[PDB]
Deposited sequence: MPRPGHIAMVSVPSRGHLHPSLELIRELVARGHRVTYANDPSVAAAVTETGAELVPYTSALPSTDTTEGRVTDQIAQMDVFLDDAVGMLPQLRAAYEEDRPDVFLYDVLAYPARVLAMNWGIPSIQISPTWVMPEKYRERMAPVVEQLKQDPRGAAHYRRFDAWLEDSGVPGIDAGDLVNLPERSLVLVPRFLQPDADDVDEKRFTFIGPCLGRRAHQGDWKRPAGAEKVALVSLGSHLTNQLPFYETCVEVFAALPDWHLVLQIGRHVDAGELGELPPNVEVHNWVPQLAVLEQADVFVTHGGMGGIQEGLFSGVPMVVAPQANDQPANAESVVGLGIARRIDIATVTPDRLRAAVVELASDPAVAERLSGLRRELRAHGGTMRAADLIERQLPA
């Protein structure tokens, strides 16, 4: 179509930036004017995409109700900032991350179409009924009941009283789900008139350096619990304990920015430790990948055809662990209760199983078939005048 103004809105939280960079870059490359509203803390990632950075102050940075109150604070703060920025420069369409749903409220006010960009699997209108007891019990707590009242008041004050607080956020008008259908739990209940499974939006190798397998190491393992809170030194010691006594294997242990404390005496010759690694480069030579099970790591494992040992912890991860195990390409463990032989058995068995390798090749072909960046950009352009 004609140029047109596309407005992307997201949040500075780490899982909500990388999934769509290549999509925004593609929309810019197609000659559109793309503005990207986000917190200035992630100005580097936003500007590298080529879109026009529209700064706003995010309220996102130890209780479940308190965590919901922080999100509602961010929604209350985001909407007036978005309104002020775009009042005289209204876009043809609003693209918004799952946590940037105030952009949809703004789009409803101005009669502008909106498209949700979901970085992980969505919750279909059947997943929510299973959670209805949890929601009702929350409403019995005065803190919970106060929260839902403030949420409803914000909708009414913002000019969208006709929509439920759940439907806004989790029942978007249109949604691009940046995961393959085989990583979406209960894909049966997802209405694909509304949600489109795009898969990852890729756009050529990110570089960041090349990693070559050390000569004399027959198999390579990467341990990277890349969910920010990688504060497990006891598990890291189990990993070195396993791969030390596992010659012919080379362990690349990514411990995270928060540590590098108390390693060994220089470590066994098997282990090389980093605070951060070029993950895609290491996975290129990896025979197994140990991750928390975040959507980013799992899709990177699938893309590289590397079997995974999954240690789910955060809210997203348990279902992700179930999916990859259900696909027959992964083993699930608990960091608290995992044993050196138990961890070693999963590593050696997964890497040597030829049926596991064959399933990975199939998932690689299935993965790209969802359309990716080009299909997502084409769908967005259908919304332009």
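Asks: Show which contiguous pieces of the deposited sequence have no C-alpha coordinates, counting from residue 1.
Replies: Gaps vs deposited seq, in order: 1, 63 to 71, 396.
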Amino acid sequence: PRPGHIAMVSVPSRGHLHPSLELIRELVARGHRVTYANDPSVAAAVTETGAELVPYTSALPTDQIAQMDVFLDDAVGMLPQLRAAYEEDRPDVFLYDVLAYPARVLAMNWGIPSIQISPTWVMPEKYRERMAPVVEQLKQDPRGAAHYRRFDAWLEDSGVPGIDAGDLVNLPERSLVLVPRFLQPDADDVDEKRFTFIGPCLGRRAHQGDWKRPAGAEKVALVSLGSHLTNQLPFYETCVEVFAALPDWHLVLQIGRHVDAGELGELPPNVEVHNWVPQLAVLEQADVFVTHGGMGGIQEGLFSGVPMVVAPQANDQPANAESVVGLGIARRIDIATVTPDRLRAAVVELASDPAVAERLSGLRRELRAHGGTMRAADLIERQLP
From here on, numbers count along this sequence of modelled residues.
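Asks: Decide which of the stretches 118 to 126 and 302 to 310 has the higher mean C-alpha B-factor, going by the entry.
Replies: Per the deposited B-factors, the answer is 118 to 126.
Asks: Between 157 to 165 and 73 to 81, point out the one with the higher average CA B-factor as the PDB entry records it.
Replies: Between 73 to 81 and 157 to 165, it is 157 to 165 that shows the higher mean C-alpha B-factor.
Asks: Which has the highest CA B-factor per the PDB entry: 280, 178, 171, 267?
Replies: So the option with the highest C-alpha B-factor is 267.
Asks: Just to confirm, going by the entry's C-alpha B-factors, which of 208, 291, 109, 196 comes out highest?
Replies: Of the candidates given, the C-alpha B-factor peaks at 208.
Asks: Comparing against every modelled residue in the chain, figure out the third that the C-alpha B-factor of residue 149 lands in (lowest, middle or highest).
Replies: As the PDB entry reports it, the C-alpha B-factor of residue 149 lands in the middle third of its chain.
Asks: Comparing against every modelled residue in the chain, figure out the third that the C-alpha B-factor of residue 273 lands in (lowest, middle or highest).
Replies: As the PDB entry reports it, the C-alpha B-factor of residue 273 lands in the middle third of its chain.
Asks: Is residue 202 in the lowest, middle or highest third of its chain when residues are ranked by C-alpha B-factor?
Replies: As the PDB entry reports it, the C-alpha B-factor of residue 202 lands in the middle third of its chain.
Asks: Residue 344: which third of its chain by C-alpha temperature factor?
Replies: For residue 344, the deposited C-alpha B-factor lands in the highest third.
Asks: Sorting by Cα B-factor within the chain, modelled residues only, which third would residue 105 end up in: lowest, middle or highest?
Replies: Its C-alpha B-factor belongs to the lowest third of this chain's values.
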